[PDB]
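Novice: Please find query-v2.cif (mmCIF, N, CA and C atoms and all ligand atoms) on the next line:
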data_coords
loop_
_atom_site.label_atom_id
_atom_site.label_comp_id
_atom_site.auth_asym_id
_atom_site.auth_seq_id
_atom_site.Cartn_x
_atom_site.Cartn_y
_atom_site.Cartn_z
N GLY A 126 0.86 -1.20 0.00
CA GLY A 126 0.00 0.00 0.00
C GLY A 126 0.87 1.23 0.00
N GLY A 127 0.60 2.15 -0.92
CA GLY A 127 1.28 3.43 -0.86
C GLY A 127 0.26 4.54 -0.80
N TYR A 128 0.69 5.71 -1.20
CA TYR A 128 -0.18 6.89 -1.26
C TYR A 128 -0.43 7.29 -2.68
N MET A 129 -1.49 8.07 -2.94
CA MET A 129 -1.70 8.68 -4.24
C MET A 129 -0.75 9.88 -4.38
N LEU A 130 -0.27 10.05 -5.60
CA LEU A 130 0.36 11.26 -5.99
C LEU A 130 -0.65 12.22 -6.55
N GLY A 131 -0.23 13.44 -6.51
CA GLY A 131 -0.80 14.47 -7.43
C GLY A 131 0.17 14.83 -8.53
N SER A 132 -0.35 15.48 -9.58
CA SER A 132 0.52 15.91 -10.66
C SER A 132 1.25 17.14 -10.14
N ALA A 133 2.46 17.31 -10.67
CA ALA A 133 3.27 18.46 -10.36
C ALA A 133 2.57 19.74 -10.79
N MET A 134 2.69 20.77 -9.96
CA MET A 134 2.08 22.04 -10.27
C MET A 134 3.13 23.13 -10.02
N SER A 135 2.87 24.33 -10.53
CA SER A 135 3.76 25.45 -10.23
C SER A 135 3.59 25.78 -8.74
N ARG A 136 4.70 26.02 -8.07
CA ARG A 136 4.66 26.34 -6.66
C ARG A 136 3.82 27.61 -6.51
N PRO A 137 2.84 27.57 -5.61
CA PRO A 137 1.86 28.61 -5.47
C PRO A 137 2.41 29.97 -5.00
N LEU A 138 1.79 31.05 -5.47
CA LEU A 138 2.05 32.35 -4.97
C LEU A 138 1.46 32.47 -3.60
N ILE A 139 2.22 32.85 -2.57
CA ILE A 139 1.73 32.98 -1.19
C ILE A 139 2.34 34.25 -0.61
N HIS A 140 1.46 35.13 -0.13
CA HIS A 140 1.87 36.33 0.62
C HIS A 140 1.95 35.94 2.08
N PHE A 141 3.15 35.56 2.55
CA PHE A 141 3.29 35.25 3.94
C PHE A 141 3.19 36.55 4.76
N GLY A 142 2.46 36.52 5.88
CA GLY A 142 2.40 37.65 6.78
C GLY A 142 3.73 38.06 7.39
N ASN A 143 4.57 37.09 7.77
CA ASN A 143 5.92 37.36 8.23
C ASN A 143 6.79 37.70 7.03
N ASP A 144 7.29 38.94 6.99
CA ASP A 144 7.99 39.47 5.81
C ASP A 144 9.25 38.68 5.51
N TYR A 145 9.99 38.25 6.53
CA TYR A 145 11.23 37.55 6.29
C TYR A 145 10.84 36.13 5.62
N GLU A 146 9.80 35.48 6.11
CA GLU A 146 9.36 34.22 5.53
C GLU A 146 8.93 34.45 4.08
N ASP A 147 8.27 35.57 3.86
CA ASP A 147 7.79 35.94 2.54
C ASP A 147 8.99 35.98 1.54
N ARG A 148 10.05 36.69 1.92
CA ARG A 148 11.23 36.80 1.12
C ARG A 148 11.95 35.44 1.00
N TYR A 149 12.00 34.69 2.10
CA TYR A 149 12.70 33.39 2.15
C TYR A 149 12.05 32.36 1.17
N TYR A 150 10.72 32.35 1.13
CA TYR A 150 10.04 31.47 0.21
C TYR A 150 10.46 31.73 -1.23
N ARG A 151 10.53 33.03 -1.61
CA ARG A 151 10.94 33.35 -2.95
C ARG A 151 12.39 32.99 -3.23
N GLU A 152 13.27 33.33 -2.27
CA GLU A 152 14.67 33.09 -2.45
C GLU A 152 14.97 31.59 -2.61
N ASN A 153 14.23 30.77 -1.85
CA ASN A 153 14.52 29.36 -1.70
C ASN A 153 13.39 28.42 -2.19
N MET A 154 12.55 28.94 -3.08
CA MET A 154 11.31 28.30 -3.56
C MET A 154 11.50 26.86 -4.01
N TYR A 155 12.64 26.59 -4.70
CA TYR A 155 12.88 25.26 -5.26
C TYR A 155 13.11 24.19 -4.21
N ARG A 156 13.27 24.60 -2.94
CA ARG A 156 13.42 23.63 -1.86
C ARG A 156 12.17 22.90 -1.48
N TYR A 157 11.02 23.43 -1.89
CA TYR A 157 9.76 22.96 -1.38
C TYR A 157 9.11 22.09 -2.42
N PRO A 158 8.21 21.23 -1.99
CA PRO A 158 7.57 20.31 -2.95
C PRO A 158 6.77 21.05 -4.04
N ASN A 159 6.68 20.48 -5.22
CA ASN A 159 5.63 20.89 -6.20
C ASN A 159 4.57 19.84 -6.52
N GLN A 160 4.42 18.88 -5.62
CA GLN A 160 3.38 17.92 -5.75
C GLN A 160 3.19 17.26 -4.41
N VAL A 161 2.00 16.75 -4.22
CA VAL A 161 1.54 16.25 -2.91
C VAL A 161 1.24 14.76 -2.95
N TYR A 162 1.42 14.14 -1.77
CA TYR A 162 1.04 12.72 -1.53
C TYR A 162 -0.16 12.69 -0.65
N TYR A 163 -1.05 11.71 -0.84
CA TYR A 163 -2.29 11.70 -0.08
C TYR A 163 -3.00 10.38 -0.14
N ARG A 164 -3.89 10.15 0.83
CA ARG A 164 -4.77 8.98 0.78
C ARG A 164 -5.97 9.45 -0.02
N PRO A 165 -6.64 8.55 -0.76
CA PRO A 165 -7.79 8.85 -1.66
C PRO A 165 -8.90 9.73 -1.02
N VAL A 166 -9.39 10.69 -1.80
CA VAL A 166 -10.26 11.72 -1.26
C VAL A 166 -11.57 11.13 -0.80
N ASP A 167 -12.07 10.13 -1.52
CA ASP A 167 -13.33 9.45 -1.11
C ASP A 167 -13.22 8.82 0.27
N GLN A 168 -12.00 8.70 0.83
CA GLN A 168 -11.85 8.23 2.20
C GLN A 168 -12.09 9.32 3.27
N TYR A 169 -12.44 10.54 2.86
CA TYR A 169 -12.60 11.66 3.80
C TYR A 169 -13.95 12.30 3.61
N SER A 170 -14.60 12.67 4.71
CA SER A 170 -15.87 13.41 4.66
C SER A 170 -15.69 14.92 4.54
N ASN A 171 -14.50 15.45 4.82
CA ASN A 171 -14.29 16.88 4.60
C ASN A 171 -12.86 17.28 4.27
N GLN A 172 -12.77 18.50 3.73
CA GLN A 172 -11.52 19.12 3.28
C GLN A 172 -10.48 19.13 4.37
N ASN A 173 -10.88 19.57 5.55
CA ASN A 173 -9.96 19.81 6.68
C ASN A 173 -9.17 18.54 7.11
N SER A 174 -9.85 17.42 7.35
CA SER A 174 -9.18 16.20 7.72
C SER A 174 -8.36 15.64 6.56
N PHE A 175 -8.82 15.80 5.31
CA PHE A 175 -7.97 15.46 4.16
C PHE A 175 -6.67 16.24 4.15
N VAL A 176 -6.78 17.55 4.32
CA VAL A 176 -5.63 18.42 4.16
C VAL A 176 -4.60 18.13 5.24
N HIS A 177 -5.12 17.87 6.42
CA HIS A 177 -4.34 17.52 7.57
C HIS A 177 -3.45 16.33 7.28
N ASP A 178 -4.04 15.28 6.76
CA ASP A 178 -3.26 14.08 6.42
C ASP A 178 -2.31 14.32 5.21
N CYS A 179 -2.83 14.99 4.17
CA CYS A 179 -2.06 15.33 2.98
C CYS A 179 -0.78 16.12 3.38
N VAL A 180 -0.90 17.06 4.29
CA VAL A 180 0.27 17.86 4.68
C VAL A 180 1.27 16.95 5.44
N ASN A 181 0.76 16.19 6.42
CA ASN A 181 1.62 15.31 7.17
C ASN A 181 2.40 14.28 6.29
N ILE A 182 1.71 13.65 5.37
CA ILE A 182 2.31 12.64 4.53
C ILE A 182 3.36 13.30 3.57
N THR A 183 2.98 14.44 2.99
CA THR A 183 3.81 15.08 2.02
C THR A 183 5.07 15.60 2.68
N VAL A 184 4.94 16.26 3.82
CA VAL A 184 6.12 16.79 4.55
C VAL A 184 7.02 15.64 4.99
N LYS A 185 6.43 14.53 5.47
CA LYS A 185 7.20 13.34 5.86
C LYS A 185 8.00 12.88 4.64
N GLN A 186 7.34 12.68 3.51
CA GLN A 186 8.04 12.14 2.36
C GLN A 186 9.16 13.06 1.89
N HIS A 187 8.90 14.36 1.87
CA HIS A 187 9.92 15.29 1.35
C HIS A 187 11.14 15.41 2.25
N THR A 188 10.90 15.41 3.56
CA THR A 188 11.94 15.53 4.56
C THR A 188 12.77 14.23 4.51
N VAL A 189 12.10 13.09 4.40
CA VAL A 189 12.84 11.82 4.27
C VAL A 189 13.71 11.78 3.02
N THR A 190 13.14 12.17 1.89
CA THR A 190 13.89 12.16 0.65
C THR A 190 15.10 13.11 0.72
N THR A 191 14.92 14.25 1.38
CA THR A 191 15.95 15.19 1.55
C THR A 191 17.08 14.74 2.49
N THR A 192 16.72 14.19 3.64
CA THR A 192 17.72 13.82 4.62
C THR A 192 18.63 12.72 4.15
N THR A 193 18.07 11.79 3.38
CA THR A 193 18.88 10.67 2.96
C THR A 193 19.90 11.04 1.89
N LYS A 194 19.74 12.20 1.22
CA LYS A 194 20.75 12.66 0.23
C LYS A 194 21.78 13.53 0.89
N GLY A 195 21.80 13.64 2.22
CA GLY A 195 22.77 14.44 2.92
C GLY A 195 22.41 15.92 3.00
N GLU A 196 21.15 16.28 2.63
CA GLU A 196 20.69 17.67 2.65
C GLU A 196 19.87 17.96 3.92
N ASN A 197 19.53 19.23 4.14
CA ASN A 197 18.89 19.71 5.36
C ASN A 197 17.84 20.77 5.10
N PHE A 198 16.80 20.78 5.90
CA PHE A 198 15.88 21.92 6.00
C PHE A 198 16.09 22.71 7.26
N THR A 199 15.98 24.03 7.17
CA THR A 199 16.05 24.90 8.30
C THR A 199 14.66 24.95 8.99
N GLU A 200 14.60 25.52 10.20
CA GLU A 200 13.30 25.73 10.83
C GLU A 200 12.39 26.63 9.95
N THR A 201 12.97 27.67 9.32
CA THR A 201 12.24 28.48 8.37
C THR A 201 11.65 27.67 7.22
N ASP A 202 12.48 26.83 6.60
CA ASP A 202 12.05 25.93 5.55
C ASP A 202 10.83 25.11 5.98
N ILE A 203 10.86 24.55 7.19
CA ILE A 203 9.77 23.75 7.62
C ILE A 203 8.46 24.55 7.70
N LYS A 204 8.52 25.74 8.27
CA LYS A 204 7.34 26.59 8.37
C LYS A 204 6.76 26.96 7.00
N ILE A 205 7.61 27.29 6.05
CA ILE A 205 7.23 27.63 4.68
C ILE A 205 6.71 26.40 3.97
N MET A 206 7.44 25.29 4.08
CA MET A 206 6.93 24.03 3.51
C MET A 206 5.50 23.61 3.92
N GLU A 207 5.17 23.71 5.20
CA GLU A 207 3.88 23.37 5.70
C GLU A 207 2.81 24.19 5.04
N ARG A 208 3.05 25.51 4.89
CA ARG A 208 2.10 26.40 4.23
C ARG A 208 1.93 26.10 2.74
N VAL A 209 3.03 25.88 2.06
CA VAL A 209 3.05 25.56 0.64
C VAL A 209 2.25 24.29 0.37
N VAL A 210 2.57 23.28 1.14
CA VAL A 210 1.96 22.00 1.00
C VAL A 210 0.49 22.08 1.34
N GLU A 211 0.12 22.83 2.39
CA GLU A 211 -1.30 23.04 2.71
C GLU A 211 -2.09 23.58 1.51
N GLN A 212 -1.52 24.62 0.82
CA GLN A 212 -2.20 25.24 -0.31
C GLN A 212 -2.36 24.20 -1.41
N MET A 213 -1.31 23.43 -1.71
CA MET A 213 -1.41 22.43 -2.77
C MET A 213 -2.39 21.30 -2.42
N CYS A 214 -2.44 20.91 -1.15
CA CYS A 214 -3.35 19.89 -0.74
C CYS A 214 -4.80 20.39 -0.87
N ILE A 215 -5.05 21.65 -0.53
CA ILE A 215 -6.41 22.20 -0.72
C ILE A 215 -6.78 22.16 -2.17
N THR A 216 -5.85 22.58 -3.06
CA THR A 216 -6.03 22.58 -4.52
C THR A 216 -6.37 21.16 -4.92
N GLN A 217 -5.57 20.20 -4.41
CA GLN A 217 -5.75 18.82 -4.82
C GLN A 217 -7.11 18.30 -4.41
N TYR A 218 -7.59 18.61 -3.20
CA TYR A 218 -8.90 18.16 -2.71
C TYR A 218 -10.02 18.79 -3.54
N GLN A 219 -9.84 20.05 -3.94
CA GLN A 219 -10.83 20.73 -4.81
C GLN A 219 -10.81 20.11 -6.20
N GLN A 220 -9.65 19.94 -6.81
CA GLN A 220 -9.55 19.36 -8.16
C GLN A 220 -10.05 17.93 -8.21
N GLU A 221 -9.73 17.15 -7.19
CA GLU A 221 -9.94 15.70 -7.20
C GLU A 221 -11.30 15.26 -6.64
N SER A 222 -11.96 16.14 -5.89
CA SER A 222 -13.25 15.82 -5.27
C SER A 222 -14.25 15.19 -6.26
CL CL B 1 7.66 26.05 -9.50
NA NA B 2 4.60 41.41 8.13
NA NA B 3 17.83 24.17 3.54
#
Give the structure from the file, written as structure tokens.
Ligand SMILES: [Cl-]
Ligand code: NA
Ligand code: NA

Specialist:
Amino acid sequence: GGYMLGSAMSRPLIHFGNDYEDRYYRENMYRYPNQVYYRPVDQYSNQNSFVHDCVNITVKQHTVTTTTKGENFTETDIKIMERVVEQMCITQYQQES
């Protein structure tokens, strides 16, 4: 058993409220996922619990893939990643519903 993929998308435009995070996302955009992993949407009764799992699974997979190549995420990266992935997971739940 694995997870469903989504198709790759352009990393979303996000106006982060924290200005330094806002700039950091742009500077370091390629560090973050452009596609999401998830359990099938018909297994969820609402957007919120889907997105919750989609973010957890996707961040787990990306962090694992990154760590094993000898690379690292900063605490900033993690905060930005969670937001990025949340937006893509919402998109995915809307597109795939
Ligand atoms: Cl992109
Ligand atoms: Na601000
Ligand atoms: Na990094």

Novice: Enumerate the residues of chain A with a DSSP assignment of strand (DSSP E or B), computed from the backbone, and present them as a count of residues only.

Specialist: 4

Novice: Could you list, as a count of residues only, all residues that come within 5 Å of ligand NA 3 (chain B)? Count only N, CA and C atoms and all ligand atoms.

Specialist: 3

Novice: Residues up to 7 Å from ligand CL 1 (chain B), counting only N, CA and C atoms and all ligand atoms: could you list those as a PDB file with N, CA and C atoms, in the coordinates of the input?

Specialist:
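Below you can see pocket_20.pdb, which holds the result:
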ATOM      1  N   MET A 134       2.690  20.770  -9.960  1.00  0.00           N
ATOM      2  CA  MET A 134       2.080  22.040 -10.270  1.00  0.00           C
ATOM      3  C   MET A 134       3.130  23.130 -10.020  1.00  0.00           C
ATOM      4  N   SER A 135       2.870  24.330 -10.530  1.00  0.00           N
ATOM      5  CA  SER A 135       3.760  25.450 -10.230  1.00  0.00           C
ATOM      6  C   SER A 135       3.590  25.780  -8.740  1.00  0.00           C
ATOM      7  N   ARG A 136       4.700  26.020  -8.070  1.00  0.00           N
ATOM      8  CA  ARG A 136       4.660  26.340  -6.660  1.00  0.00           C
ATOM      9  C   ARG A 136       3.820  27.610  -6.510  1.00  0.00           C
ATOM     10  N   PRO A 137       2.840  27.570  -5.610  1.00  0.00           N
ATOM     11  CA  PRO A 137       1.860  28.610  -5.470  1.00  0.00           C
ATOM     12  C   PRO A 137       2.410  29.970  -5.000  1.00  0.00           C
ATOM     13  N   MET A 154      12.550  28.940  -3.080  1.00  0.00           N
ATOM     14  CA  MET A 154      11.310  28.300  -3.560  1.00  0.00           C
ATOM     15  C   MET A 154      11.500  26.860  -4.010  1.00  0.00           C
ATOM     16  N   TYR A 155      12.640  26.590  -4.700  1.00  0.00           N
ATOM     17  CA  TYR A 155      12.880  25.260  -5.260  1.00  0.00           C
ATOM     18  C   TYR A 155      13.110  24.190  -4.210  1.00  0.00           C
ATOM     19  N   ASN A 159       6.680  20.480  -5.220  1.00  0.00           N
ATOM     20  CA  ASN A 159       5.630  20.890  -6.200  1.00  0.00           C
ATOM     21  C   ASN A 159       4.570  19.840  -6.520  1.00  0.00           C
TER      22      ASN A 159
END

Novice: Counting only C-alpha atoms and all ligand atoms, what are the residues, protein, DNA or RNA alike, that approach ligand NA 2 (chain B) to within 7 Å? I want them as a ChimeraX atom specification.

Specialist: /A:142-144

Novice: Can you measure atom N of residue 181 in chain A to CA of residue 196 in chain A for me? One decimal in Å is fine.

Specialist: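 If I compute the distance from atom N of residue 181 in chain A to CA of residue 196 in chain A, I get 20.3 Å.
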
Novice: Find the residues around range 209-217 of chain A up to 12 Å (only C-alpha atoms counted), leave out those fewer than 3 positions away in its own chain, and share them as a PyMOL selection string.

Specialist: chain A and resi 129-141+146-147+150-151+154-166+171-187+202-206+220-222

Novice: Apply DSSP to the structure's backbone, then extract all residues of range 129-192 of chain A labelled alpha helix (DSSP H) and return them as number ranges by chain.

Specialist: A: 144-152, 172-192

Novice: Output N, CA and C atoms for every residue in that selection, as a CSV table (one decimal), in the coordinates of the input.

Specialist:
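Below you can see out_27.csv, which holds the result:
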chain,number,residue,atom,x,y,z
A,144,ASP,N,7.3,38.9,7.0
A,144,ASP,CA,8.0,39.5,5.8
A,144,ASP,C,9.2,38.7,5.5
A,145,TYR,N,10.0,38.2,6.5
A,145,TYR,CA,11.2,37.6,6.3
A,145,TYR,C,10.8,36.1,5.6
A,146,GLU,N,9.8,35.5,6.1
A,146,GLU,CA,9.4,34.2,5.5
A,146,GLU,C,8.9,34.4,4.1
A,147,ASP,N,8.3,35.6,3.9
A,147,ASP,CA,7.8,35.9,2.5
A,147,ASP,C,9.0,36.0,1.5
A,148,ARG,N,10.0,36.7,1.9
A,148,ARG,CA,11.2,36.8,1.1
A,148,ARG,C,12.0,35.4,1.0
A,149,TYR,N,12.0,34.7,2.1
A,149,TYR,CA,12.7,33.4,2.2
A,149,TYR,C,12.0,32.4,1.2
A,150,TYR,N,10.7,32.4,1.1
A,150,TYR,CA,10.0,31.5,0.2
A,150,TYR,C,10.5,31.7,-1.2
A,151,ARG,N,10.5,33.0,-1.6
A,151,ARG,CA,10.9,33.4,-3.0
A,151,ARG,C,12.4,33.0,-3.2
A,152,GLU,N,13.3,33.3,-2.3
A,152,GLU,CA,14.7,33.1,-2.4
A,152,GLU,C,15.0,31.6,-2.6
A,172,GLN,N,-12.8,18.5,3.7
A,172,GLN,CA,-11.5,19.1,3.3
A,172,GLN,C,-10.5,19.1,4.4
A,173,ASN,N,-10.9,19.6,5.6
A,173,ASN,CA,-10.0,19.8,6.7
A,173,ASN,C,-9.2,18.5,7.1
A,174,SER,N,-9.8,17.4,7.4
A,174,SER,CA,-9.2,16.2,7.7
A,174,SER,C,-8.4,15.6,6.6
A,175,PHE,N,-8.8,15.8,5.3
A,175,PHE,CA,-8.0,15.5,4.2
A,175,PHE,C,-6.7,16.2,4.2
A,176,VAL,N,-6.8,17.6,4.3
A,176,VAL,CA,-5.6,18.4,4.2
A,176,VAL,C,-4.6,18.1,5.2
A,177,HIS,N,-5.1,17.9,6.4
A,177,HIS,CA,-4.3,17.5,7.6
A,177,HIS,C,-3.4,16.3,7.3
A,178,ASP,N,-4.0,15.3,6.8
A,178,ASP,CA,-3.3,14.1,6.4
A,178,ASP,C,-2.3,14.3,5.2
A,179,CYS,N,-2.8,15.0,4.2
A,179,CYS,CA,-2.1,15.3,3.0
A,179,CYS,C,-0.8,16.1,3.4
A,180,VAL,N,-0.9,17.1,4.3
A,180,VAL,CA,0.3,17.9,4.7
A,180,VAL,C,1.3,17.0,5.4
A,181,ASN,N,0.8,16.2,6.4
A,181,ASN,CA,1.6,15.3,7.2
A,181,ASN,C,2.4,14.3,6.3
A,182,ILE,N,1.7,13.6,5.4
A,182,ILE,CA,2.3,12.6,4.5
A,182,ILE,C,3.4,13.3,3.6
A,183,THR,N,3.0,14.4,3.0
A,183,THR,CA,3.8,15.1,2.0
A,183,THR,C,5.1,15.6,2.7
A,184,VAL,N,4.9,16.3,3.8
A,184,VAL,CA,6.1,16.8,4.6
A,184,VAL,C,7.0,15.6,5.0
A,185,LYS,N,6.4,14.5,5.5
A,185,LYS,CA,7.2,13.3,5.9
A,185,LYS,C,8.0,12.9,4.6
A,186,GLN,N,7.3,12.7,3.5
A,186,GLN,CA,8.0,12.1,2.4
A,186,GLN,C,9.2,13.1,1.9
A,187,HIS,N,8.9,14.4,1.9
A,187,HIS,CA,9.9,15.3,1.4
A,187,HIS,C,11.1,15.4,2.2
A,188,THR,N,10.9,15.4,3.6
A,188,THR,CA,11.9,15.5,4.6
A,188,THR,C,12.8,14.2,4.5
A,189,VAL,N,12.1,13.1,4.4
A,189,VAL,CA,12.8,11.8,4.3
A,189,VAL,C,13.7,11.8,3.0
A,190,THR,N,13.1,12.2,1.9
A,190,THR,CA,13.9,12.2,0.6
A,190,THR,C,15.1,13.1,0.7
A,191,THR,N,14.9,14.2,1.4
A,191,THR,CA,16.0,15.2,1.6
A,191,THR,C,17.1,14.7,2.5
A,192,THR,N,16.7,14.2,3.6
A,192,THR,CA,17.7,13.8,4.6
A,192,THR,C,18.6,12.7,4.2

Novice: What is the distance, in Å and to one decimal place, between CA of residue 149 in chain A and CA of residue 201 in chain A?

Specialist: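 Rounded to one decimal, the two atoms are 7.9 Å apart.
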
Novice: Using only the atoms of range 137-144 of chain A listed in the file, plus 6 Å on each side, state the axis-aligned box centre and edge lengths in Å rounded to one decimal, as lines of an AutoDock Vina configuration file.

Specialist:
center_x = 5.4
center_y = 33.5
center_z = 1.3
size_x = 19.8
size_y = 23.9
size_z = 25.8
